[PDB]
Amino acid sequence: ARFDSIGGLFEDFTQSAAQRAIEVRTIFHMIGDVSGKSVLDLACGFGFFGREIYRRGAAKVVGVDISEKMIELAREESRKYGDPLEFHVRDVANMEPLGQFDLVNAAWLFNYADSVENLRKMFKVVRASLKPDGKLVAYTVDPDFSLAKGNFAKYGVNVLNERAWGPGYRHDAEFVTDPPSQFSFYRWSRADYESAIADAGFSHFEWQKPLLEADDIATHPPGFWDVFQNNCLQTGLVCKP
């Protein structure tokens, strides 16, 4: 698993990258009230979103990640903070269902599907993980990002290259950490996402813009966020059966 070589550097990135506050705000905006809900946190990393969802009153939280090292970090954080989260090592594209939840949170899952067939498999796994009145909240790569229109290094992600891959694109990148931490991701088109969503059985969905706010703009020089707004690497997505 790629993040077996990243480990704690990902949390370092979340503490230093300018984009992180925006993605975190956007995801919790999409989630809304979690009181009493059962929650499945996919591509959970060290568990950030599932853990904070628990802190905000969810009834039961389960996290899944492909990286054994990241899950060992997640488990240690749950010990450190005395919380009841449970974790599993799985490739979400190939995993058995672990139950039907009120909410699936997938922050940076689908941009790691390494083929359009695996993108479609992941959406089907998510649908199988939801109650009929549940919802998927996802955060992924914006299909319209183009490397030539501006890199994201100033916001925490140095995108190194861009190459056709299947019906989409693949990108090598690094988180801007000390030292930088390399990873790869996949940029699937809006049409392929919407097809995967519908074919998995989600009859409702919407793309959600990143919630850049006035105070973000005020605390940087004018124009700092222009590449973020004109060539955004990220987007939210909410889907409902």
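Just count from 1 along the sequence shown to find any residue number. Rigid core: the largest C-alpha set superposing within 1.5 Å between the two forms.
Engineer: Kindly name the stretch, out of 19-27 and 229-237, whose CA atoms are displaced more from this form in 4 other deposited structures of this protein after the core superposition?
Structural biologist: Once the cores are fitted, 19-27 deviates more in 4 other deposited structures of this protein.
Engineer: Compare 111-119 with 75-83 and report which one shows the larger root mean square C-alpha deviation from this form in 4 other deposited structures of this protein once the rigid core is superposed.
Structural biologist: Most displaced of the pair in 4 other deposited structures of this protein: 75-83.
Engineer: With respect to the recorded C-alpha B factors, which stretch has the higher mean value, 195-203 or 43-51?
Structural biologist: Stretch with the higher mean C-alpha B-factor: 195-203.
Engineer: May I ask you to compare 213-221 and 228-236 by their mean CA B factor in the entry and name the higher one?
Structural biologist: According to the PDB entry, the answer is 213-221.
Engineer: According to the Cα B-factor stored in this entry, which of the following is highest: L98, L85, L119, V159?
Structural biologist: Checking the PDB record, the top C-alpha B-factor among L98, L85, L119, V159 is at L98.
Engineer: Among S181, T26, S189, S67, single out the one with the highest C-alpha B factor in the record, please.
Structural biologist: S181 has the highest C-alpha B-factor of those listed.
Engineer: When the deposited Cα B-factors of this chain's modelled residues are ordered and cut into thirds, is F145 in the lowest, the middle or the highest one?
Structural biologist: It belongs to the middle third of the chain when residues are ordered by C-alpha B-factor.
Engineer: Based on the deposited C-alpha B factors for this chain, I'd like to know if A93 is in the lowest, middle or highest third.
Structural biologist: Answer is highest: the recorded C-alpha B-factor places it there.
Engineer: Place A128 in the lowest, middle or highest third of its chain's C-alpha B-factors, as listed in the PDB entry.
Structural biologist: Highest third, going by the recorded CA B-factors of the chain.
Engineer: Lowest, middle or highest third: where is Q19 by C-alpha B factor in its chain?
Structural biologist: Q19: CA B-factor falls in the middle third of its chain.
Engineer: How does the C-alpha B factor of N151 compare with the rest of the chain: lowest, middle or highest third?
Structural biologist: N151: CA B-factor falls in the highest third of its chain.
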